[PDB]
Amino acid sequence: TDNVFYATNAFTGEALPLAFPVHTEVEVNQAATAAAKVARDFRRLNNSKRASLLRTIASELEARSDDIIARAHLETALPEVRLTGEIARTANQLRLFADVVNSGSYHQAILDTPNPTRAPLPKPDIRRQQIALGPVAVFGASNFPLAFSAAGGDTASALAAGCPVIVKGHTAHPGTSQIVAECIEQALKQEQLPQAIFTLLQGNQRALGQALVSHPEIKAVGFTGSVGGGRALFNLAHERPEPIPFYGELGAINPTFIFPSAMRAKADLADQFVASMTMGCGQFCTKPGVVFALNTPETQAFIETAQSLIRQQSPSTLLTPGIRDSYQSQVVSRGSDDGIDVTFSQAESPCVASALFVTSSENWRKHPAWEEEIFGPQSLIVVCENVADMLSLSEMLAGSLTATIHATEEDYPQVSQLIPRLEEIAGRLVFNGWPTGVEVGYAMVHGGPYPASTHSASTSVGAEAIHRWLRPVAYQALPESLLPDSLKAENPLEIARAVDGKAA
């Protein structure tokens, strides 16, 4: 390629060794064209074969643990202990989808029992199943370089679904992505499958991502990042001659409601709060960004404990220069406003200071520019006049990944009113706990109403994430020999199937 670029050492701001190519529409077209060419064969593989591929990728990842961790550590400044845990998460996530595919449940086989002798017209034999949309484009998250990136949840679920994947490598961690790509390449060689099943593209020129999202052979997109770029790419996906599904997690402030009784039951609630908002130096998509509380002594004590803890926080090294500068200018800018109080920790640039904002519900209603997310070790506390004031505020919240509630049995009557409101604005409700942890299981819902997600009827994490890359096809009166195995009368795959409305 005409140009190359280097990763930035997260700790020094200087370039790290190893040059990466700056791909353009030329490579996009080649990758997409090749991906399209193997799409059909890939979705028609036996479930066990595709399941094996996912397990092999998981294994290859673990075999390169050292390289990944060392490289990702310098590119992102995330501690090694965290990266070691993320590698495992990533690997187990791949295995989870391996089980799903092998399971055959994703087929969602459904069949109507024919009825030749019904009048006036006979009831035909109809059977439907899910199949892969085709090549899928993936943009990884900068804050989770492994579990939400090259081999993250979007890639994993898309491959499981039977969709070839093309990753637009994030410029914040090119070296990490490349190693992951080397792992997937090896997995494909061992499984003896086409390399075009997975392609990693690199480049620091936005034209790349734009060309990838607009390519006619791309049939869906997975994205994790900022609302600005995320919405721009989303719009691009819907202006195409053929609009394609766009699953992007754009941001959230994850509203948290804390009742007085909860603060009494847990003396260290403030400590727990500060630990949640400062985890990963506050760089969690699920970070509790705003806390609504009642105007009682408990809250004042709570605020004071949190404040004291915030002052003691060690300097934080964020993910990218850009993310650092946005954080610095935004917190300083918000703390300048009237009606808001801010407590900062001690920190010298390039490091950033943790912050805790405090304001009243009146001012919260007055400054609508406060519901916006500020990515970093920062959070806001909104002191409300009473519970009714608190419920009123929940009615106006924007979409969020999560919504948390801290209460005891004596609050249940009001909590009962709050839940229906939170269900409407969040993808996941957390009770007497914190939103940061995200369990990769079967019941997970990671996403929610806009901006939490650009497709609230889905999840980017959990077994159900696979459905985002599938579409149903009905088969009418086809002979047994022409029907896909999943829909044959004898059910040779022995998968769960729903007949005439009865549970599978």
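For every residue, the number given is its place in the sequence shown, counted from 1.
The stretch with the higher mean CA B factor, choosing between 150 to 158 and 260 to 268, is 260 to 268. Averaged over Cα atoms, the B-factor as recorded in the entry is higher for 435 to 443 than for the other of 435 to 443 and 39 to 47.
Comparing the C-alpha B-factors of 109, 211, 293, 119 in the entry, the top value falls on 119. Residue-level inspection of the entry shows that, of 22, 19, 10, 487, 19 has the top Cα B-factor. Residue 86 sits in the middle third of its chain by CA B factor, as recorded in the PDB entry. Residue 323: CA B factor lies in the highest third for its chain, per the PDB record. Residue 79: CA B factor in the middle third of modelled residues in this chain (values from the PDB entry).
The PDB entry assigns residue 99 a C-alpha temperature factor belonging to the lowest third of its chain's modelled residues.
Annotation for residue 246: CA B-factor lies in the lowest third of the chain's modelled residues.
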